[PDB]
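Taking it in order: structure first as C-alpha cells, then the write-up.
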Amino acid sequence: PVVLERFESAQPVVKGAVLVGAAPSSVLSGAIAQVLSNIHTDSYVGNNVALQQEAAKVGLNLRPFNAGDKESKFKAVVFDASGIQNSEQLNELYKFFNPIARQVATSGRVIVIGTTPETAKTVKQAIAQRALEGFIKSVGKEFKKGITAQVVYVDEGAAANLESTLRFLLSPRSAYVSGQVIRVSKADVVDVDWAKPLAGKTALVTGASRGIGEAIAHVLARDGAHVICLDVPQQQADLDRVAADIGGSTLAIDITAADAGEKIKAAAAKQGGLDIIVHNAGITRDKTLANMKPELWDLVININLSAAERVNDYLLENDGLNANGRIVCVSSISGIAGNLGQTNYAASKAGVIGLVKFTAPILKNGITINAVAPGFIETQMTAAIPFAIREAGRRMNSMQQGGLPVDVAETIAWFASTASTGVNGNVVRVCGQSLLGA
Amino acid sequence: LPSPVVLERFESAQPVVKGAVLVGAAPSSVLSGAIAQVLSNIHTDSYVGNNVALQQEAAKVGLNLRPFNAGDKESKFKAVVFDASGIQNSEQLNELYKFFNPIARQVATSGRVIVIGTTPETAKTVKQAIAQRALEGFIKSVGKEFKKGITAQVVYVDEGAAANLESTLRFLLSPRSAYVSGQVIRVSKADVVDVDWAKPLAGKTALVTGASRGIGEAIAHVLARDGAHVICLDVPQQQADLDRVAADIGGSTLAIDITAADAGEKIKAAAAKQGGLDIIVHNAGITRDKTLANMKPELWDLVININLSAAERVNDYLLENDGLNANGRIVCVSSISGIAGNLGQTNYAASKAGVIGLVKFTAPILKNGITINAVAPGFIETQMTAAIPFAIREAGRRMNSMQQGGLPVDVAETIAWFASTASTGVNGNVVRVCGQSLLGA
C-alpha cells in the first residue's frame, strides 16, 4: 500500500500544483481563489473565463492548463460545484474530472465544494448538490494512490468561513480523511496565525496520558495551545511525561466524577480560562449482549457519553468556556455502523453523535462542537484485538491500511482552530474511507 | 465459513406474526398504547414482563398481555418489541440492557428486534434527543450480533404521531421485511385512513417503470397481490415481456421511454382509464460501469438521465397537473452505491445519491396526503447478476448480517409497505433493503 504524506511544517500547505475548476454560475470561486492565493501555491485553471476573472479579482495568478496535457500531475484538484443548478448540470463533474482522472498525484486530493443542499434556494439545486456526495465517495474508492476525496458543503452565504477547512483538506494533515462530507456555516471571521492556529489558547484533553490522547496533546501544543493533560491519578507518571514533552500541565482526576467539570474550570483559570476541550477518554468492554454484565453496560455508557454530558453542561452553564471556544468529541465508526459485541459501545458512540448534533444549535459566544469518528487506528495496544477484526479493519478502506494517532489528532486540531468559527455540528470520520457505514 | 439460514418470507395475509411477541417499555414511555393496539389488531400471542404500567396501558386497548416468566430461558419469541420513548437521558439507556439481555438468545430464527422511540429532532429536551439518537447504535449492533436471520430496526415516531405507526410496525413484525435490517424509519403525523390490511392497495392504481423483468416485475406482482391495478411501463422493445407480466397479474401496459419529454403526460393519460394514478414507482434504471478516466460523455449523461432526471420530470408533471390522487404515493429506488460510493460507479452513485435528495427535498412540499419515499437495495440476486464476476458477486452475498443476497420480492415488499393506503405518516424516508450490508456512509 501507499505511504501517506503527512504534516511536516507549516509551509508549504500544498507541495505541488493545484488545478481549480468551476461550474457555470458558481458563487464560491472567489473564496476558493483567495485561499489559494493565501497559501502561495502553483495554481492552474482550464478554459473558464468567468473563473479566471474571479481569481484575478482577488489577486490569484492562474496559469492556464493545456487540456492537451495528459502528463502534468496535480497534488490537488478543487472544483466549485455550487453553480450546478439541477441534475442535468451534474455533467460539469465529468467535464472537469474525467480529463485529469489519471493526473492526480500520489497522496493527492480531490475536493468538491458545493452549496449545502438544505440551504439551496431551489429544490432542483438541492437535489443536484446532494448528488455530489455519491460522486466523491465513488472517486475516493476508484482513484487509488493514497488520494483522498471530500465534499465541502458551504451554506448559502458562508463563503467567507471556508478557509480553515480548505486548508486542512488541501494539506497532508488530512491524510486519513476520505469520503467525507463537511458542512461550513456562517460565522464571524476571526484573525488567526495560520502557522499557529491555536496560539494563545488553552486546551484540555481527557485520556491524555497515552495513545490517541497523547497524540492529540502533541498536535494541539504544536499548533500553539497550552495543553492541560487529564487522566486518572494512577497515570500521574505518564501525565507528567506528556505535559513535559509538550510544555503543558496535568490534572489527575476521574473525568466521570461529579466534580470533574468544577475541577477543570478551576485548573483552567490559571491559564486565562478554558478555550478547547477534547473528550478523548473512552473504553470498550466488548461482550455479546447475552454475556454482558450490567456493570459493563453502565461503565461504557458512563465513560463514553454521560461523563462528557456532565462536564459540558457544567462548563456551558457556569462560564467555563471562553468565547470562540471549542468542544471536540470522539465518536467511532461503530457508533455509526454498529458492531457485534459492541451493543454498549455503539450505543454510547451514537449518543456522542447526538451530543454533537443537538448541542450545536444551542451554543452561544461563538463556541462550536464537533466530533471525529475514527476507523481503524494503529496503537501500541492494537495487537490485543482478535486477529480477524484486526486485519479486516486494517484492509477494508480506500487506503488499504490502518491510520495513525496523528491522523485523528490533526482532524481534532482542525476543529479546534481559532479560524474554524463556521465548523459546527459536524461529525467527521477519520477512517481512510472505511467500507463500513450506515 | 457457515452457510446462511433460510429467511421466512410472506406466505399469506394472516397470521401477521407466526409465533409469540414479547413487549417491553421503559418507564414513562408514551407509545405503548399505540403498539398494544397494533398487537391487538393482528391477533397475536403477546407477552410482557413485570411492567405494571405497560400491562395497564395494553388492557386499556383490549390487548391481554400474558406474563412472561423471567426465569424462562427456553421460550422463543418471533418478535421482541421495546418502547424506548420513555428513555429520557443516557443513564436510562440501561433500560435497553434490562429488556434485551435476559432474552438475547430467545428470539426465533427469522425473528424481529424492534425498538420504537421518539424522533430525536422532536424530543422536548436535549438529553432525551441524545438518548433517542443512541438507539440507532444499539440496534445496528444487535442486527450484526443476534444471527439466525433476525432483523433489527429502530422506528422513530414524531412526538404526537403515535396513531400513524401501524403500517410500519406490521411491515416489520411480518415476514415481508425479511431483508430489511439495521435501518431507521421515521413516522410523522398524518390523518389515519381506513384500509383493508389484507389488500392494503385495494381500489388503487399503480404505475411501475421498468416493469417488464427483474425487480420491476417483482414489484408489479406484489402491488397487484395487495389489490392495486398495475400499469406496467417499459420501452416498446419489451412489449412481449410487458404483456406477459400484465397478463399474469391482471394489469395493463404502457410502452414508452420514461425519459421522453412527454412521459408524464402519457402516464397521466394512461391512468385516466382506471380513475387516475395513485402510486408511481420509479424502478427504471441502468448501470454503465466505467472508471471515470475511461467513461464516455454520453455514458455519464445516460445514467443521470434515466436514473434521476427522468423521475424528476415525471414527478414535476404529475404534481403540477394533478396527476396523482390524494393520499397518493411516489416510491423511488436509490442504491447502496448511492449511499456508499463504488469503484466504476461515479455516474451511478451520483445519480442514486441524487434520488435520495429527490426524496428528502420533495417530501416537505407535498400536499393532499401524497408521500415520497425510496428503497435503497443492497445485493439482490437477479438475471443481471451474472454480469458481475462470481468473485464480486460472492462479496455482495456474504458482506451482510444475513450472510446471503436478497430476492427481488424483498425490495417489492418494502416498496409495497411505502405505497400502502395506510402509510400516510411515512414520508421522506430512504430505507435500505440490504440484509444490513456492511457498506455505508
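Ligands are numbered from 1 in the order shown, residues from 1 within each chain, and chains are lettered A, B, ... in the order they appear in the C-alpha cells.
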
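For residue 193 (chain A), the set of protein, DNA and RNA residues having any atom at most 12 Å away, when counting only C-alpha atoms and skipping those fewer than 4 positions along the same chain, is residues 10, 164, 197, 198, 199, 200, 223, 224, 417, 418 and 419 of chain A.
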
Please, could you write that set of residues out with N, CA and C atoms as a short mmCIF file (atom, residue, chain, number, x, y, z; two decimals), in the first residue's frame?
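out.cif, written as the output of this step:
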data_model
loop_
_atom_site.label_atom_id
_atom_site.label_comp_id
_atom_site.auth_asym_id
_atom_site.auth_seq_id
_atom_site.Cartn_x
_atom_site.Cartn_y
_atom_site.Cartn_z
N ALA A 10 4.70 24.11 8.64
CA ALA A 10 3.52 24.94 8.38
C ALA A 10 3.45 25.41 6.93
N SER A 164 -10.35 27.61 6.70
CA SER A 164 -9.67 26.63 7.54
C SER A 164 -9.95 25.20 7.07
N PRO A 197 -2.38 28.09 14.68
CA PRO A 197 -3.80 28.45 14.73
C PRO A 197 -4.45 28.26 16.10
N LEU A 198 -3.71 27.75 17.09
CA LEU A 198 -4.18 27.73 18.47
C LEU A 198 -3.35 28.65 19.37
N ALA A 199 -2.64 29.61 18.78
CA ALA A 199 -1.76 30.48 19.56
C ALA A 199 -2.56 31.20 20.63
N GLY A 200 -2.03 31.20 21.85
CA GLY A 200 -2.66 31.88 22.96
C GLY A 200 -3.83 31.16 23.59
N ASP A 223 0.36 23.37 17.54
CA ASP A 223 -0.38 24.45 16.92
C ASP A 223 -0.47 25.69 17.80
N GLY A 224 0.15 25.67 18.98
CA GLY A 224 0.24 26.85 19.83
C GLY A 224 -0.42 26.73 21.19
N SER A 417 -9.29 24.85 15.63
CA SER A 417 -8.60 26.03 15.11
C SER A 417 -9.37 27.30 15.44
N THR A 418 -8.63 28.35 15.79
CA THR A 418 -9.26 29.64 16.06
C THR A 418 -10.05 30.12 14.85
N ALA A 419 -9.64 29.71 13.65
CA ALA A 419 -10.30 30.12 12.42
C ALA A 419 -11.51 29.27 12.05
#

| task | Excluding region 58-69 of chain B and residues on its chain fewer than 2 positions from it, collect all residues at most 8 Å away from it, counting only C-alpha atoms, and give them as an MDAnalysis selection string. | result | chainID B and resid 22 32:33 36:37 39:40 46:50 54:56 71:72

Can I get the selection written as a PDB file, in the first residue's frame, with C-alpha atoms?
ATOM      1  CA  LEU B  22     -42.653 -10.117  23.827  1.00  0.00           C
ATOM      2  CA  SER B  32     -47.154   1.688  24.440  1.00  0.00           C
ATOM      3  CA  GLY B  33     -50.869   2.288  23.845  1.00  0.00           C
ATOM      4  CA  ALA B  36     -50.594  -2.538  22.064  1.00  0.00           C
ATOM      5  CA  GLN B  37     -53.454  -1.557  19.752  1.00  0.00           C
ATOM      6  CA  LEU B  39     -50.724  -6.202  18.560  1.00  0.00           C
ATOM      7  CA  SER B  40     -54.426  -6.460  19.364  1.00  0.00           C
ATOM      8  CA  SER B  46     -48.412 -11.187  23.241  1.00  0.00           C
ATOM      9  CA  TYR B  47     -46.365 -11.450  26.443  1.00  0.00           C
ATOM     10  CA  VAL B  48     -44.951  -8.991  28.958  1.00  0.00           C
ATOM     11  CA  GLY B  49     -42.582  -8.922  31.902  1.00  0.00           C
ATOM     12  CA  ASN B  50     -43.075  -7.251  35.266  1.00  0.00           C
ATOM     13  CA  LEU B  54     -47.356  -1.465  30.312  1.00  0.00           C
ATOM     14  CA  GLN B  55     -49.904  -4.145  31.243  1.00  0.00           C
ATOM     15  CA  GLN B  56     -52.436  -1.465  32.179  1.00  0.00           C
ATOM     16  CA  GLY B  71     -36.804 -17.370  34.777  1.00  0.00           C
ATOM     17  CA  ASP B  72     -37.848 -18.930  31.451  1.00  0.00           C
TER      18      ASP B  72
END

Output as JSON lines one row per residue of chain A within 6 Å of chain B: the closest atom pair and its distance in Å to one decimal place, counting only C-alpha atoms, sorted by chain and residue number ascending.
{"residue": "A:98", "atom": "CA", "partner": "B:293", "partner_atom": "CA", "distance": 5.1}
{"residue": "A:101", "atom": "CA", "partner": "B:293", "partner_atom": "CA", "distance": 5.2}
{"residue": "A:127", "atom": "CA", "partner": "B:357", "partner_atom": "CA", "distance": 4.6}
{"residue": "A:130", "atom": "CA", "partner": "B:357", "partner_atom": "CA", "distance": 5.5}
{"residue": "A:131", "atom": "CA", "partner": "B:354", "partner_atom": "CA", "distance": 4.1}
{"residue": "A:134", "atom": "CA", "partner": "B:350", "partner_atom": "CA", "distance": 4.3}
{"residue": "A:135", "atom": "CA", "partner": "B:350", "partner_atom": "CA", "distance": 4.6}
{"residue": "A:137", "atom": "CA", "partner": "B:341", "partner_atom": "CA", "distance": 4.5}
{"residue": "A:138", "atom": "CA", "partner": "B:341", "partner_atom": "CA", "distance": 4.1}
{"residue": "A:141", "atom": "CA", "partner": "B:343", "partner_atom": "CA", "distance": 5.3}
{"residue": "A:142", "atom": "CA", "partner": "B:343", "partner_atom": "CA", "distance": 4.7}
{"residue": "A:289", "atom": "CA", "partner": "B:101", "partner_atom": "CA", "distance": 5.6}
{"residue": "A:290", "atom": "CA", "partner": "B:104", "partner_atom": "CA", "distance": 5.2}
{"residue": "A:335", "atom": "CA", "partner": "B:137", "partner_atom": "CA", "distance": 5.2}
{"residue": "A:338", "atom": "CA", "partner": "B:141", "partner_atom": "CA", "distance": 4.2}
{"residue": "A:339", "atom": "CA", "partner": "B:141", "partner_atom": "CA", "distance": 4.6}
{"residue": "A:340", "atom": "CA", "partner": "B:145", "partner_atom": "CA", "distance": 4.6}
{"residue": "A:343", "atom": "CA", "partner": "B:138", "partner_atom": "CA", "distance": 5.0}
{"residue": "A:346", "atom": "CA", "partner": "B:137", "partner_atom": "CA", "distance": 4.7}
{"residue": "A:347", "atom": "CA", "partner": "B:137", "partner_atom": "CA", "distance": 4.4}
{"residue": "A:350", "atom": "CA", "partner": "B:134", "partner_atom": "CA", "distance": 4.7}
{"residue": "A:351", "atom": "CA", "partner": "B:134", "partner_atom": "CA", "distance": 4.2}
{"residue": "A:354", "atom": "CA", "partner": "B:130", "partner_atom": "CA", "distance": 4.6}
{"residue": "A:355", "atom": "CA", "partner": "B:130", "partner_atom": "CA", "distance": 5.6}
{"residue": "A:435", "atom": "CA", "partner": "B:439", "partner_atom": "CA", "distance": 5.3}
{"residue": "A:436", "atom": "CA", "partner": "B:439", "partner_atom": "CA", "distance": 4.9}
{"residue": "A:437", "atom": "CA", "partner": "B:440", "partner_atom": "CA", "distance": 3.5}
{"residue": "A:438", "atom": "CA", "partner": "B:440", "partner_atom": "CA", "distance": 4.4}

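If you count only C-alpha atoms and ignore residues fewer than 2 places along the chain from residue 257 (chain B), what sits within 6 Å of it is residues 235, 259 and 260 of chain B.
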
Written file, previous selection with C-alpha atoms, as a PDB file, in the first residue's frame:
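Final output, saved to selection-v6.pdb:
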ATOM      1  CA  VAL B 235     -39.808   0.544 -23.585  1.00  0.00           C
ATOM      2  CA  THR B 259     -37.045   9.770 -20.389  1.00  0.00           C
ATOM      3  CA  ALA B 260     -39.292  11.181 -23.137  1.00  0.00           C
TER       4      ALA B 260
END

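Note that the spacing between CA of residue 45 (chain B) and CA of residue 27 (chain B) amounts to 23.1 Å.
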
| task | Skip region 208-215 of chain A itself and residues of its chain fewer than 6 positions away, then list as a VMD selection string all residues within 12 Å of it, counting only C-alpha atoms. | result | chain A and resid 221 to 222 227 to 246 248 to 253 255 277 to 282 329 to 330 374 377 to 382 403 to 413

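Every protein or nucleic acid residue with an atom no more than 12 Å from residue 9 (chain A), counting only C-alpha atoms and leaving out same-chain residues fewer than 6 positions away, appears here: residues 15, 171, 172, 173, 194, 195, 196, 219, 222 and 223 of chain A.
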
Just the selected residues (C-alpha atoms), exported as a PDB file, in the first residue's frame, please.
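Final file, part26.pdb:
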ATOM      1  CA  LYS A  15       3.581  20.593  -2.197  1.00  0.00           C
ATOM      2  CA  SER A 171      -2.739  19.783   3.336  1.00  0.00           C
ATOM      3  CA  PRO A 172      -1.136  16.454   4.316  1.00  0.00           C
ATOM      4  CA  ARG A 173      -2.730  16.909   7.771  1.00  0.00           C
ATOM      5  CA  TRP A 194      -2.216  30.013  10.226  1.00  0.00           C
ATOM      6  CA  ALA A 195       1.132  28.572  11.306  1.00  0.00           C
ATOM      7  CA  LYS A 196      -0.004  28.600  14.977  1.00  0.00           C
ATOM      8  CA  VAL A 219      -0.666  18.333  17.859  1.00  0.00           C
ATOM      9  CA  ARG A 222       2.400  22.151  18.125  1.00  0.00           C
ATOM     10  CA  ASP A 223      -0.385  24.454  16.918  1.00  0.00           C
TER      11      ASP A 223
END

| task | Return as a VMD selection string the full set of residues in region 16-173 of chain B whose backbone-based DSSP assignment is strand (DSSP E or B). | result | chain B and resid 21 to 25 46 to 48 66 to 67 77 to 83 107 to 118 151 to 157

Given the selection you just returned, output its residues as a file containing N, CA, C and O atoms, formatted as a short mmCIF file (atom, residue, chain, number, x, y, z; two decimals), in the first residue's frame.
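This is the output file out_10.cif:
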data_model
loop_
_atom_site.label_atom_id
_atom_site.label_comp_id
_atom_site.auth_asym_id
_atom_site.auth_seq_id
_atom_site.Cartn_x
_atom_site.Cartn_y
_atom_site.Cartn_z
N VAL B 21 -45.05 -12.73 20.66
CA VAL B 21 -44.39 -11.43 20.72
C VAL B 21 -44.17 -11.07 22.18
O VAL B 21 -45.09 -11.18 22.99
N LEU B 22 -42.96 -10.66 22.51
CA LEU B 22 -42.65 -10.12 23.83
C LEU B 22 -42.59 -8.61 23.69
O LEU B 22 -41.91 -8.10 22.79
N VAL B 23 -43.31 -7.90 24.55
CA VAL B 23 -43.34 -6.44 24.55
C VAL B 23 -42.71 -5.94 25.83
O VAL B 23 -42.90 -6.52 26.91
N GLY B 24 -41.98 -4.83 25.72
CA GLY B 24 -41.46 -4.14 26.88
C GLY B 24 -41.51 -2.65 26.65
O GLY B 24 -41.76 -2.17 25.53
N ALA B 25 -41.30 -1.91 27.73
CA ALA B 25 -41.28 -0.47 27.61
C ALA B 25 -40.46 0.10 28.76
O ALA B 25 -40.45 -0.46 29.86
N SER B 46 -49.28 -12.25 22.75
CA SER B 46 -48.41 -11.19 23.24
C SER B 46 -48.13 -11.37 24.72
O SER B 46 -49.05 -11.60 25.52
N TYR B 47 -46.85 -11.26 25.09
CA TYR B 47 -46.37 -11.45 26.44
C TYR B 47 -45.68 -10.19 26.95
O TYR B 47 -45.30 -9.29 26.19
N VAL B 48 -45.49 -10.16 28.27
CA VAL B 48 -44.95 -8.99 28.96
C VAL B 48 -44.26 -9.46 30.23
O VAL B 48 -44.64 -10.46 30.84
N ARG B 66 -49.96 -11.60 28.41
CA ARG B 66 -49.68 -12.68 29.35
C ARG B 66 -48.31 -12.48 29.99
O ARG B 66 -47.35 -12.13 29.30
N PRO B 67 -48.19 -12.70 31.30
CA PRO B 67 -46.88 -12.56 31.96
C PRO B 67 -45.89 -13.59 31.44
O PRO B 67 -46.20 -14.77 31.30
N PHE B 77 -39.48 -16.21 21.08
CA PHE B 77 -40.37 -15.16 20.62
C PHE B 77 -40.02 -14.81 19.19
O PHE B 77 -38.85 -14.57 18.89
N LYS B 78 -41.03 -14.81 18.32
CA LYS B 78 -40.80 -14.42 16.94
C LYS B 78 -40.41 -12.95 16.86
O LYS B 78 -39.62 -12.56 15.99
N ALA B 79 -40.90 -12.13 17.78
CA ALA B 79 -40.59 -10.72 17.76
C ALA B 79 -40.46 -10.22 19.18
O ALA B 79 -41.19 -10.67 20.07
N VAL B 80 -39.52 -9.30 19.41
CA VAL B 80 -39.42 -8.58 20.67
C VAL B 80 -39.52 -7.09 20.34
O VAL B 80 -38.79 -6.58 19.48
N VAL B 81 -40.46 -6.41 21.00
CA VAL B 81 -40.79 -5.02 20.69
C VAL B 81 -40.59 -4.21 21.95
O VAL B 81 -41.20 -4.51 22.98
N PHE B 82 -39.74 -3.18 21.89
CA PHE B 82 -39.44 -2.38 23.06
C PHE B 82 -39.75 -0.92 22.79
O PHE B 82 -39.21 -0.33 21.85
N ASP B 83 -40.61 -0.33 23.62
CA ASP B 83 -40.93 1.09 23.57
C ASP B 83 -39.84 1.83 24.36
O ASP B 83 -39.83 1.81 25.59
N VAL B 107 -34.85 -15.00 20.73
CA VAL B 107 -35.51 -14.57 19.51
C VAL B 107 -35.43 -15.70 18.49
O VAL B 107 -34.35 -16.24 18.21
N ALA B 108 -36.58 -16.05 17.91
CA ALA B 108 -36.65 -17.16 16.99
C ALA B 108 -35.86 -16.88 15.71
O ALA B 108 -35.55 -15.73 15.38
N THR B 109 -35.54 -17.95 15.00
CA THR B 109 -34.98 -17.82 13.67
C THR B 109 -35.91 -16.97 12.80
O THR B 109 -37.13 -17.00 12.96
N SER B 110 -35.32 -16.17 11.91
CA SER B 110 -36.07 -15.20 11.10
C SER B 110 -36.89 -14.23 11.96
O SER B 110 -37.94 -13.73 11.53
N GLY B 111 -36.41 -13.93 13.16
CA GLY B 111 -37.16 -13.14 14.12
C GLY B 111 -36.96 -11.65 13.93
O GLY B 111 -36.32 -11.18 12.98
N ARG B 112 -37.51 -10.88 14.89
CA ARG B 112 -37.57 -9.43 14.77
C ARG B 112 -37.20 -8.79 16.09
O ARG B 112 -37.78 -9.12 17.13
N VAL B 113 -36.25 -7.86 16.05
CA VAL B 113 -36.00 -6.95 17.16
C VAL B 113 -36.46 -5.57 16.70
O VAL B 113 -35.95 -5.03 15.71
N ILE B 114 -37.42 -5.00 17.42
CA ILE B 114 -37.98 -3.71 17.03
C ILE B 114 -37.92 -2.79 18.24
O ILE B 114 -38.52 -3.09 19.28
N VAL B 115 -37.20 -1.69 18.10
CA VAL B 115 -37.13 -0.64 19.12
C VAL B 115 -37.88 0.56 18.58
O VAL B 115 -37.63 1.00 17.46
N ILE B 116 -38.79 1.10 19.38
CA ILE B 116 -39.63 2.22 18.97
C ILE B 116 -39.34 3.38 19.91
O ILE B 116 -39.48 3.24 21.13
N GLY B 117 -38.92 4.51 19.35
CA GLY B 117 -38.59 5.67 20.14
C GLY B 117 -39.19 6.96 19.62
O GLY B 117 -40.03 6.95 18.71
N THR B 118 -38.78 8.08 20.22
CA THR B 118 -39.24 9.39 19.80
C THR B 118 -38.19 10.03 18.89
O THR B 118 -37.00 10.04 19.22
N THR B 151 -33.74 -9.74 12.13
CA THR B 151 -33.56 -8.35 11.73
C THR B 151 -33.72 -7.44 12.94
O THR B 151 -34.38 -7.79 13.92
N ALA B 152 -33.14 -6.24 12.84
CA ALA B 152 -33.24 -5.28 13.93
C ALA B 152 -33.49 -3.88 13.38
O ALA B 152 -32.78 -3.43 12.48
N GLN B 153 -34.50 -3.20 13.91
CA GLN B 153 -34.87 -1.87 13.43
C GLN B 153 -35.12 -0.90 14.57
O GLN B 153 -35.50 -1.29 15.66
N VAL B 154 -34.84 0.34 14.26
CA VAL B 154 -35.45 1.43 15.14
C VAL B 154 -36.47 2.32 14.34
O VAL B 154 -36.32 2.70 13.10
N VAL B 155 -37.68 2.31 14.89
CA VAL B 155 -38.73 3.17 14.34
C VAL B 155 -38.81 4.38 15.24
O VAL B 155 -39.05 4.24 16.45
N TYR B 156 -38.61 5.57 14.67
CA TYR B 156 -38.80 6.83 15.39
C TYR B 156 -40.17 7.40 15.06
O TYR B 156 -40.53 7.53 13.88
N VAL B 157 -40.93 7.75 16.09
CA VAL B 157 -42.26 8.34 15.95
C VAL B 157 -42.14 9.80 16.38
O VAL B 157 -41.70 10.07 17.50
#

| Residue contacts of region 188-190 of chain A (10 Å, only C-alpha atoms) excluding same-chain residues fewer than 4 positions away, as an NGL selection string | :A and (158 or 160-163 or 324 or 366 or 418-422)

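One distance worth recording is that between CA of residue 18 (chain A) and CA of residue 90 (chain A), which is 22.2 Å.
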
Identify, on the basis of only C-alpha atoms, every residue whose closest approach to residue 323 (chain B) does not exceed 10 Å; exclude the query and any residue fewer than 3 positions from it along the same chain; express the result as an mmCIF file with N, CA and C atoms, in the first residue's frame.
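Saved as part.cif:
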data_model
loop_
_atom_site.group_PDB
_atom_site.id
_atom_site.type_symbol
_atom_site.label_atom_id
_atom_site.label_comp_id
_atom_site.auth_asym_id
_atom_site.auth_seq_id
_atom_site.Cartn_x
_atom_site.Cartn_y
_atom_site.Cartn_z
ATOM 1 N N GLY B 264 -44.583 12.005 -18.593
ATOM 2 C CA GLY B 264 -45.561 12.264 -17.546
ATOM 3 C C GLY B 264 -46.943 12.524 -18.110
ATOM 4 N N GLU B 265 -46.999 13.208 -19.252
ATOM 5 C CA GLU B 265 -48.257 13.408 -19.969
ATOM 6 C C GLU B 265 -48.919 12.079 -20.303
ATOM 7 N N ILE B 267 -48.255 9.091 -19.033
ATOM 8 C CA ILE B 267 -48.591 8.368 -17.812
ATOM 9 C C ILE B 267 -49.951 8.823 -17.283
ATOM 10 N N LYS B 268 -50.155 10.137 -17.171
ATOM 11 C CA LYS B 268 -51.441 10.629 -16.679
ATOM 12 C C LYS B 268 -52.579 10.220 -17.609
ATOM 13 N N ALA B 269 -52.369 10.354 -18.920
ATOM 14 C CA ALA B 269 -53.378 9.929 -19.884
ATOM 15 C C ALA B 269 -53.723 8.455 -19.716
ATOM 16 N N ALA B 271 -53.328 6.535 -16.926
ATOM 17 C CA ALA B 271 -54.014 6.248 -15.673
ATOM 18 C C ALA B 271 -55.451 6.757 -15.649
ATOM 19 N N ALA B 272 -55.827 7.644 -16.577
ATOM 20 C CA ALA B 272 -57.194 8.158 -16.613
ATOM 21 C C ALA B 272 -58.205 7.033 -16.794
ATOM 22 N N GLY B 276 -57.482 7.675 -12.462
ATOM 23 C CA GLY B 276 -56.347 8.457 -12.038
ATOM 24 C C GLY B 276 -55.286 7.598 -11.377
ATOM 25 N N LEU B 277 -54.100 8.172 -11.272
ATOM 26 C CA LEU B 277 -52.961 7.464 -10.720
ATOM 27 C C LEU B 277 -52.877 7.703 -9.219
ATOM 28 N N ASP B 278 -52.683 6.628 -8.465
ATOM 29 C CA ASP B 278 -52.456 6.721 -7.035
ATOM 30 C C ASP B 278 -50.997 6.515 -6.661
ATOM 31 N N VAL B 314 -41.076 13.566 -14.475
ATOM 32 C CA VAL B 314 -42.393 12.945 -14.353
ATOM 33 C C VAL B 314 -43.083 13.409 -13.074
ATOM 34 N N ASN B 315 -42.351 13.408 -11.960
ATOM 35 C CA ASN B 315 -42.881 13.947 -10.710
ATOM 36 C C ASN B 315 -43.370 15.371 -10.899
ATOM 37 N N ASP B 316 -42.538 16.212 -11.518
ATOM 38 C CA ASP B 316 -42.917 17.603 -11.721
ATOM 39 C C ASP B 316 -44.225 17.693 -12.485
ATOM 40 N N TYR B 317 -44.342 16.929 -13.570
ATOM 41 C CA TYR B 317 -45.565 16.969 -14.356
ATOM 42 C C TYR B 317 -46.765 16.533 -13.527
ATOM 43 N N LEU B 318 -46.667 15.368 -12.881
ATOM 44 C CA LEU B 318 -47.810 14.823 -12.155
ATOM 45 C C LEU B 318 -48.215 15.735 -11.007
ATOM 46 N N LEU B 319 -47.243 16.351 -10.336
ATOM 47 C CA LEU B 319 -47.586 17.190 -9.199
ATOM 48 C C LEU B 319 -48.120 18.549 -9.629
ATOM 49 N N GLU B 320 -47.673 19.063 -10.776
ATOM 50 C CA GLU B 320 -48.143 20.354 -11.264
ATOM 51 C C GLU B 320 -49.454 20.240 -12.028
ATOM 52 N N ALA B 326 -55.202 12.216 -4.246
ATOM 53 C CA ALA B 326 -54.932 12.470 -2.833
ATOM 54 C C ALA B 326 -54.572 11.169 -2.117
ATOM 55 N N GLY B 328 -51.805 9.884 -2.425
ATOM 56 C CA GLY B 328 -51.025 9.163 -3.405
ATOM 57 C C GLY B 328 -49.613 8.863 -2.906
#
